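Structure file model_9.txt (compact mmCIF, N, CA and C atoms) follows.
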# COMPACT_ATOMS: atom_id res chain seq x y z
N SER A 1 -18.14 -4.41 -3.64
CA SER A 1 -18.53 -5.32 -2.57
C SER A 1 -18.93 -4.55 -1.32
N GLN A 2 -19.29 -5.28 -0.27
CA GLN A 2 -19.70 -4.66 0.99
C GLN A 2 -18.90 -5.23 2.16
N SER A 3 -17.94 -4.46 2.65
CA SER A 3 -17.11 -4.88 3.76
C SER A 3 -16.27 -3.72 4.29
N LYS A 4 -15.40 -4.02 5.25
CA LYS A 4 -14.54 -3.00 5.84
C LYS A 4 -13.07 -3.33 5.60
N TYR A 5 -12.76 -4.61 5.50
CA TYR A 5 -11.39 -5.06 5.26
C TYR A 5 -11.36 -6.34 4.45
N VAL A 6 -10.22 -6.62 3.83
CA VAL A 6 -10.06 -7.82 3.02
C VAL A 6 -8.61 -8.31 3.03
N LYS A 7 -8.37 -9.41 3.73
CA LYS A 7 -7.03 -9.98 3.83
C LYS A 7 -6.81 -11.02 2.74
N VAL A 8 -5.70 -10.88 2.00
CA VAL A 8 -5.37 -11.81 0.93
C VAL A 8 -3.95 -12.33 1.08
N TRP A 9 -3.70 -13.52 0.55
CA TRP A 9 -2.38 -14.13 0.62
C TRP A 9 -1.85 -14.45 -0.77
N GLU A 10 -0.53 -14.38 -0.93
CA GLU A 10 0.10 -14.65 -2.22
C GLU A 10 1.60 -14.81 -2.06
N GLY A 11 2.27 -15.16 -3.16
CA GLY A 11 3.71 -15.35 -3.12
C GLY A 11 4.39 -14.88 -4.39
N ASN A 12 5.50 -14.17 -4.24
CA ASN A 12 6.25 -13.67 -5.39
C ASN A 12 7.52 -12.95 -4.95
N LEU A 13 8.26 -12.42 -5.91
CA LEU A 13 9.50 -11.71 -5.62
C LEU A 13 9.76 -10.62 -6.65
N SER A 14 9.15 -9.45 -6.44
CA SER A 14 9.31 -8.33 -7.36
C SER A 14 8.78 -7.04 -6.74
N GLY A 15 9.68 -6.08 -6.51
CA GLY A 15 9.28 -4.82 -5.92
C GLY A 15 10.47 -3.98 -5.49
N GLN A 16 10.99 -3.19 -6.41
CA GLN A 16 12.14 -2.33 -6.12
C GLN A 16 12.02 -1.00 -6.85
N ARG A 17 13.08 -0.20 -6.78
CA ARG A 17 13.10 1.11 -7.42
C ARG A 17 13.71 1.01 -8.82
N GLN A 18 13.16 1.78 -9.75
CA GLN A 18 13.66 1.79 -11.12
C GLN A 18 13.13 0.58 -11.90
N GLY A 19 12.12 -0.08 -11.33
CA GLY A 19 11.54 -1.24 -11.98
C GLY A 19 12.32 -2.51 -11.70
N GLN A 20 12.91 -2.59 -10.51
CA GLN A 20 13.69 -3.76 -10.12
C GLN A 20 12.87 -4.69 -9.24
N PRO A 21 13.27 -5.97 -9.20
CA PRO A 21 12.58 -6.99 -8.41
C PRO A 21 12.77 -6.78 -6.91
N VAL A 22 12.32 -7.76 -6.12
CA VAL A 22 12.44 -7.68 -4.67
C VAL A 22 12.58 -9.07 -4.06
N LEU A 23 13.17 -9.13 -2.87
CA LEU A 23 13.36 -10.40 -2.17
C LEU A 23 12.10 -10.80 -1.41
N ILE A 24 11.21 -11.51 -2.09
CA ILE A 24 9.97 -11.97 -1.48
C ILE A 24 9.63 -13.39 -1.91
N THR A 25 8.86 -14.08 -1.07
CA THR A 25 8.47 -15.46 -1.36
C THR A 25 6.96 -15.64 -1.21
N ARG A 26 6.50 -15.71 0.04
CA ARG A 26 5.08 -15.89 0.32
C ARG A 26 4.68 -15.12 1.58
N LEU A 27 3.78 -14.16 1.42
CA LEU A 27 3.31 -13.36 2.54
C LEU A 27 1.84 -12.98 2.37
N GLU A 28 1.26 -12.38 3.40
CA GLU A 28 -0.13 -11.97 3.36
C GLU A 28 -0.26 -10.45 3.46
N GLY A 29 -1.48 -9.95 3.33
CA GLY A 29 -1.71 -8.52 3.40
C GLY A 29 -3.18 -8.18 3.60
N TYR A 30 -3.44 -7.14 4.37
CA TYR A 30 -4.81 -6.71 4.64
C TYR A 30 -5.07 -5.33 4.05
N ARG A 31 -6.03 -5.25 3.13
CA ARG A 31 -6.38 -3.99 2.50
C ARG A 31 -7.81 -3.58 2.84
N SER A 32 -8.01 -2.28 3.06
CA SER A 32 -9.33 -1.76 3.40
C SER A 32 -10.34 -2.06 2.30
N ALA A 33 -11.50 -2.57 2.68
CA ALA A 33 -12.55 -2.90 1.73
C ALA A 33 -12.77 -1.75 0.75
N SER A 34 -12.25 -0.58 1.09
CA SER A 34 -12.39 0.59 0.24
C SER A 34 -11.80 0.35 -1.14
N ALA A 35 -11.10 -0.77 -1.29
CA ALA A 35 -10.48 -1.13 -2.56
C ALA A 35 -11.30 -2.18 -3.29
N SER A 36 -10.90 -2.48 -4.53
CA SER A 36 -11.60 -3.47 -5.34
C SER A 36 -11.05 -4.87 -5.09
N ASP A 37 -11.92 -5.86 -5.16
CA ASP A 37 -11.52 -7.25 -4.94
C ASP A 37 -10.49 -7.69 -5.97
N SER A 38 -10.74 -7.35 -7.23
CA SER A 38 -9.84 -7.71 -8.32
C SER A 38 -8.41 -7.26 -8.01
N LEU A 39 -8.29 -6.23 -7.18
CA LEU A 39 -6.98 -5.70 -6.80
C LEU A 39 -6.09 -6.81 -6.25
N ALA A 40 -6.52 -7.44 -5.17
CA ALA A 40 -5.76 -8.52 -4.55
C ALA A 40 -5.85 -9.80 -5.38
N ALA A 41 -6.94 -9.93 -6.14
CA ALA A 41 -7.14 -11.11 -6.98
C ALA A 41 -6.03 -11.24 -8.02
N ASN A 42 -5.74 -10.14 -8.71
CA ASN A 42 -4.70 -10.14 -9.73
C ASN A 42 -3.61 -9.12 -9.40
N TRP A 43 -3.45 -8.84 -8.11
CA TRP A 43 -2.44 -7.89 -7.66
C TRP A 43 -1.08 -8.19 -8.28
N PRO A 44 -0.42 -7.15 -8.80
CA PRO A 44 0.89 -7.29 -9.44
C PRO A 44 1.99 -7.60 -8.43
N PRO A 45 2.63 -8.77 -8.59
CA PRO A 45 3.71 -9.21 -7.70
C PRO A 45 4.98 -8.39 -7.87
N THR A 46 4.95 -7.46 -8.82
CA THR A 46 6.10 -6.60 -9.09
C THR A 46 5.76 -5.13 -8.86
N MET A 47 6.45 -4.52 -7.91
CA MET A 47 6.22 -3.11 -7.58
C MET A 47 7.39 -2.25 -8.06
N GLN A 48 7.09 -1.00 -8.40
CA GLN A 48 8.11 -0.08 -8.87
C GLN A 48 8.02 1.26 -8.15
N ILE A 49 8.93 1.48 -7.20
CA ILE A 49 8.94 2.71 -6.43
C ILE A 49 9.88 3.74 -7.06
N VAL A 50 9.36 4.95 -7.29
CA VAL A 50 10.14 6.02 -7.88
C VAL A 50 10.07 7.29 -7.04
N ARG A 51 9.30 7.23 -5.96
CA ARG A 51 9.14 8.38 -5.07
C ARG A 51 9.25 7.95 -3.61
N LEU A 52 9.12 8.92 -2.71
CA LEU A 52 9.21 8.64 -1.28
C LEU A 52 8.05 9.29 -0.53
N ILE A 53 7.34 8.50 0.27
CA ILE A 53 6.22 9.00 1.04
C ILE A 53 6.47 8.86 2.54
N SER A 54 6.24 9.94 3.27
CA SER A 54 6.45 9.95 4.72
C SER A 54 5.19 9.51 5.45
N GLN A 55 5.34 9.13 6.71
CA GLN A 55 4.22 8.69 7.52
C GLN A 55 3.22 9.82 7.74
N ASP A 56 3.68 11.05 7.53
CA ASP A 56 2.82 12.23 7.69
C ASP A 56 1.84 12.35 6.53
N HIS A 57 2.14 11.66 5.44
CA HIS A 57 1.28 11.69 4.26
C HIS A 57 0.04 10.83 4.46
N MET A 58 0.22 9.70 5.13
CA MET A 58 -0.88 8.78 5.39
C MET A 58 -1.60 9.14 6.69
N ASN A 59 -1.11 10.18 7.36
CA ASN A 59 -1.70 10.63 8.61
C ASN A 59 -2.99 11.39 8.36
N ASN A 60 -3.31 11.62 7.09
CA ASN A 60 -4.52 12.33 6.72
C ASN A 60 -5.68 11.37 6.50
N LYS A 61 -6.63 11.38 7.42
CA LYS A 61 -7.80 10.51 7.34
C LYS A 61 -8.85 11.10 6.41
N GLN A 62 -8.63 12.34 5.98
CA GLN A 62 -9.57 13.02 5.09
C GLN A 62 -9.37 12.56 3.65
N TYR A 63 -8.40 11.68 3.44
CA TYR A 63 -8.11 11.16 2.10
C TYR A 63 -8.32 9.65 2.05
N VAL A 64 -8.48 9.04 3.22
CA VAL A 64 -8.69 7.60 3.30
C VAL A 64 -10.15 7.24 3.05
N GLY A 65 -11.00 8.26 2.96
CA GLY A 65 -12.41 8.03 2.72
C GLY A 65 -12.74 7.93 1.24
N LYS A 66 -11.91 8.56 0.41
CA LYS A 66 -12.12 8.53 -1.04
C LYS A 66 -11.18 7.52 -1.70
N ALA A 67 -10.17 7.09 -0.96
CA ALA A 67 -9.21 6.12 -1.48
C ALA A 67 -9.27 4.82 -0.69
N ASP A 68 -8.56 3.80 -1.18
CA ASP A 68 -8.54 2.50 -0.53
C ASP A 68 -7.30 2.36 0.35
N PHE A 69 -7.27 1.30 1.16
CA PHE A 69 -6.14 1.05 2.05
C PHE A 69 -5.51 -0.31 1.76
N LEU A 70 -4.20 -0.40 1.95
CA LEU A 70 -3.47 -1.64 1.71
C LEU A 70 -2.38 -1.85 2.75
N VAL A 71 -2.38 -3.03 3.37
CA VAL A 71 -1.38 -3.35 4.39
C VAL A 71 -0.65 -4.64 4.05
N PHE A 72 0.67 -4.63 4.21
CA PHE A 72 1.49 -5.80 3.92
C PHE A 72 1.86 -6.53 5.21
N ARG A 73 1.51 -7.81 5.28
CA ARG A 73 1.81 -8.62 6.46
C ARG A 73 2.95 -9.59 6.17
N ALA A 74 4.11 -9.33 6.76
CA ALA A 74 5.27 -10.19 6.57
C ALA A 74 5.82 -10.67 7.91
N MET A 75 6.67 -11.70 7.86
CA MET A 75 7.27 -12.26 9.06
C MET A 75 8.70 -11.77 9.23
N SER A 76 9.31 -11.34 8.13
CA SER A 76 10.68 -10.85 8.16
C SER A 76 10.83 -9.60 7.29
N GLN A 77 11.97 -8.92 7.44
CA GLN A 77 12.24 -7.71 6.67
C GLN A 77 13.67 -7.24 6.88
N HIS A 78 14.08 -6.24 6.11
CA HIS A 78 15.43 -5.70 6.21
C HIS A 78 15.42 -4.18 6.00
N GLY A 79 16.01 -3.46 6.95
CA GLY A 79 16.06 -2.01 6.85
C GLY A 79 14.86 -1.34 7.48
N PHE A 80 13.83 -2.14 7.78
CA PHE A 80 12.61 -1.62 8.39
C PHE A 80 12.94 -0.78 9.62
N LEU A 81 13.85 -1.28 10.45
CA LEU A 81 14.25 -0.58 11.66
C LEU A 81 14.88 0.77 11.33
N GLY A 82 15.67 0.80 10.26
CA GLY A 82 16.32 2.04 9.86
C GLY A 82 15.35 3.20 9.76
N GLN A 83 14.37 3.08 8.87
CA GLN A 83 13.38 4.13 8.69
C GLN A 83 12.52 4.30 9.94
N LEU A 84 11.91 3.21 10.38
CA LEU A 84 11.07 3.23 11.57
C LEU A 84 11.76 3.95 12.72
N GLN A 85 13.09 3.94 12.70
CA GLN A 85 13.88 4.59 13.74
C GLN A 85 14.26 6.01 13.33
N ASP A 86 14.30 6.25 12.02
CA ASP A 86 14.65 7.56 11.50
C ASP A 86 13.42 8.45 11.40
N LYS A 87 12.56 8.16 10.42
CA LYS A 87 11.34 8.94 10.22
C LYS A 87 10.12 8.03 10.15
N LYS A 88 10.36 6.75 9.87
CA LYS A 88 9.28 5.77 9.77
C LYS A 88 8.45 6.00 8.52
N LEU A 89 8.98 5.59 7.38
CA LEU A 89 8.28 5.75 6.10
C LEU A 89 8.86 4.81 5.05
N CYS A 90 8.41 4.98 3.81
CA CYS A 90 8.88 4.15 2.70
C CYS A 90 8.80 4.91 1.38
N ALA A 91 8.95 4.18 0.28
CA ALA A 91 8.89 4.79 -1.05
C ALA A 91 7.49 4.69 -1.63
N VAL A 92 7.20 5.53 -2.62
CA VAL A 92 5.89 5.53 -3.27
C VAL A 92 5.95 4.84 -4.63
N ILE A 93 4.92 4.06 -4.93
CA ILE A 93 4.85 3.34 -6.20
C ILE A 93 4.02 4.11 -7.22
N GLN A 94 4.65 4.51 -8.31
CA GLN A 94 3.97 5.25 -9.37
C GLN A 94 3.60 4.33 -10.53
N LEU A 95 2.32 4.01 -10.63
CA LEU A 95 1.83 3.14 -11.70
C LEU A 95 1.15 3.95 -12.80
N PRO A 96 1.31 3.49 -14.05
CA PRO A 96 0.71 4.16 -15.21
C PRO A 96 -0.81 4.03 -15.24
N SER A 97 -1.34 3.21 -14.34
CA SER A 97 -2.78 2.99 -14.27
C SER A 97 -3.34 3.50 -12.95
N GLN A 98 -2.53 3.43 -11.90
CA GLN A 98 -2.95 3.88 -10.58
C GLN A 98 -1.76 4.44 -9.80
N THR A 99 -2.01 4.83 -8.55
CA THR A 99 -0.97 5.38 -7.70
C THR A 99 -0.99 4.75 -6.31
N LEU A 100 0.06 4.01 -5.99
CA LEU A 100 0.16 3.35 -4.69
C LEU A 100 1.29 3.95 -3.86
N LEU A 101 1.03 4.15 -2.57
CA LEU A 101 2.03 4.71 -1.67
C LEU A 101 2.46 3.68 -0.63
N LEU A 102 3.76 3.61 -0.39
CA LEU A 102 4.31 2.67 0.59
C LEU A 102 5.08 3.40 1.68
N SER A 103 4.64 3.22 2.92
CA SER A 103 5.28 3.87 4.06
C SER A 103 5.32 2.93 5.27
N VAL A 104 6.52 2.63 5.74
CA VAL A 104 6.69 1.75 6.89
C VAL A 104 6.93 2.55 8.16
N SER A 105 6.04 2.38 9.14
CA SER A 105 6.16 3.09 10.41
C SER A 105 5.50 2.30 11.53
N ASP A 106 6.16 2.26 12.68
CA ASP A 106 5.64 1.54 13.84
C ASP A 106 5.23 0.12 13.45
N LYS A 107 5.91 -0.44 12.45
CA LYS A 107 5.62 -1.79 11.99
C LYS A 107 6.86 -2.43 11.38
N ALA A 108 7.46 -3.36 12.12
CA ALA A 108 8.66 -4.05 11.66
C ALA A 108 8.29 -5.26 10.80
N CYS A 109 7.20 -5.93 11.17
CA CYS A 109 6.75 -7.10 10.43
C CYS A 109 5.56 -6.76 9.54
N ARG A 110 5.29 -5.47 9.39
CA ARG A 110 4.18 -5.01 8.57
C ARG A 110 4.53 -3.71 7.85
N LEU A 111 3.77 -3.39 6.81
CA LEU A 111 4.00 -2.18 6.04
C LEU A 111 2.69 -1.47 5.72
N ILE A 112 2.72 -0.14 5.73
CA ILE A 112 1.53 0.65 5.44
C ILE A 112 1.50 1.08 3.98
N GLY A 113 0.35 0.87 3.34
CA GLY A 113 0.20 1.24 1.94
C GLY A 113 -1.13 1.91 1.65
N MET A 114 -1.15 2.75 0.62
CA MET A 114 -2.37 3.45 0.24
C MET A 114 -2.68 3.25 -1.24
N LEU A 115 -3.95 3.02 -1.54
CA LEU A 115 -4.38 2.81 -2.92
C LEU A 115 -5.11 4.04 -3.46
N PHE A 116 -4.49 4.70 -4.44
CA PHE A 116 -5.08 5.88 -5.05
C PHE A 116 -5.37 5.65 -6.53
N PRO A 117 -6.41 6.34 -7.04
CA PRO A 117 -6.81 6.22 -8.44
C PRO A 117 -5.80 6.86 -9.39
N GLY A 118 -5.79 6.38 -10.63
CA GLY A 118 -4.86 6.91 -11.62
C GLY A 118 -5.36 8.20 -12.24
N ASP A 119 -5.70 9.17 -11.40
CA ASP A 119 -6.19 10.46 -11.88
C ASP A 119 -7.41 10.28 -12.78
N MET A 120 -8.32 9.40 -12.37
CA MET A 120 -9.52 9.13 -13.14
C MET A 120 -10.71 8.88 -12.22
N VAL A 121 -10.66 9.45 -11.02
CA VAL A 121 -11.73 9.29 -10.05
C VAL A 121 -13.00 10.00 -10.50
N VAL A 122 -14.15 9.41 -10.20
CA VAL A 122 -15.43 9.99 -10.57
C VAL A 122 -16.02 10.81 -9.43
N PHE A 123 -15.14 11.40 -8.62
CA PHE A 123 -15.57 12.21 -7.49
C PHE A 123 -16.58 13.26 -7.93
N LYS A 124 -17.66 13.39 -7.17
CA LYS A 124 -18.71 14.36 -7.48
C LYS A 124 -19.86 14.26 -6.48
N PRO A 125 -20.47 13.06 -6.40
CA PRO A 125 -21.59 12.81 -5.48
C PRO A 125 -21.15 12.79 -4.02
N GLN A 126 -22.05 12.37 -3.14
CA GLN A 126 -21.76 12.31 -1.72
C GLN A 126 -21.27 10.92 -1.32
N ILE A 127 -21.08 10.71 -0.02
CA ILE A 127 -20.62 9.43 0.48
C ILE A 127 -19.25 9.07 -0.10
N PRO A 128 -18.46 8.31 0.68
CA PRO A 128 -17.12 7.88 0.26
C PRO A 128 -17.17 6.85 -0.86
N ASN A 129 -16.84 7.29 -2.07
CA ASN A 129 -16.85 6.40 -3.23
C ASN A 129 -16.09 5.11 -2.93
N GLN A 130 -16.81 3.99 -2.90
CA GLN A 130 -16.21 2.70 -2.62
C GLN A 130 -16.03 1.89 -3.91
Represent the structure of the file as structure tokens.
Amino acid sequence: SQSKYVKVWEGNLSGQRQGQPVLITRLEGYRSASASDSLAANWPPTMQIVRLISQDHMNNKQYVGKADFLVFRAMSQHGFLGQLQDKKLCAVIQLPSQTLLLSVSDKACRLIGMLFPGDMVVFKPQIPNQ
């Protein structure tokens, strides 16, 4: 598609470590157009974090040009202050098809996320592969 951002809304409850669910109901999220529409269209309501990503990892704009962006918009949360006050980050989601990173910083009612390819990028030509 052709755009810069894409906000989508949905509802579910699944997203923890070790393949565990999460306390969620209905929230929205804004992802950089750098991602595919089908992503939010059939986005998996269940996340599985097995790693940890710091805010310093997403501080690299030299990687946001080849990858997509994902932001979680919520009205409530728990523990957000802890990290945001400690180092300001979150856990990373390791998918067998792709790689998503979750890091909460300077956002109590929001979360920072990154969409990376499952080690199958067609990087080669010029311009930021969209």
### Task
Rounded to one decimal place, report the atom C of residue 124 in chain A-CA of residue 42 in chain A distance in Å.
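A separation of 28.9 Å between them.
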### Task
List every residue of range 2-129 of chain A that DSSP, applied to the backbone of this structure, assigns to alpha helix (DSSP H), and report them as a ChimeraX atom specification.
/A:37-41,80-86
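The nearest approach to residue 46 in chain A among the residues A:14, A:34, A:64, A:28, with all atoms listed in the file taken into account, belongs to A:14.
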### Task
Give me, please, the distance in Å between CA of residue 115 in chain A and CA of residue 41 in chain A, quoted to one decimal.
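One can read the CA of residue 115 in chain A to CA of residue 41 in chain A distance as 14.8 Å.
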### Task
Might you pull out every residue within 6 Å of range 16-19 of chain A, with only N, CA and C atoms counted and same-chain residues fewer than 5 positions away left off, and present them as a ChimeraX atom specification?
/A:47-50
### Message
To one decimal place in Å, what is the distance between atom C of residue 105 in chain A and atom N of residue 53 in chain A?
### Response
13.0 Å
### Query
Quick one: residues within 5 Å of residue 72 in chain A, all atoms listed in the file counted, chain neighbours fewer than 4 positions away excluded, as JSON, numbers by chain?
{"A": [28, 29, 30, 110, 111]}
